[PDB]
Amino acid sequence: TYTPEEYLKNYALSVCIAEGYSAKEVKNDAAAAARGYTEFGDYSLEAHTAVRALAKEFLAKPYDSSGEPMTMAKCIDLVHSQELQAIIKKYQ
């Protein structure tokens, strides 16, 4: 199993990747993963929407890359961030 916190972090990564790339292949796949972490998770739908909002905040940050958008790095930083931890502790 994952813990509730780990599920909400998996959800964070999954929605971040689904939001941050345009390829339908990936949006659809990561979206289905995010739905699964929400259904097996314990956090409220509100906690989930605040995580999604935070993911968009991270994706909106301009990273210096290589010429790549560095989405992958933004989503990894999101999962590791003090900001996501604050959301977890607001709701826990």
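Numbers follow the displayed sequence, beginning with 1.
Going from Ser65 to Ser66, you skip over 1 to 3 residues of the deposited sequence that the entry leaves unmodelled. Between the stretches 83-91 and 4-12, it is 83-91 that shows the larger average CA temperature factor.
The mean C-alpha temperature factor is higher for 24-32 when 54-62 and 24-32 are set side by side. In the deposited entry, the Cα temperature factor of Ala73 places it in the lowest third of its chain's modelled residues.
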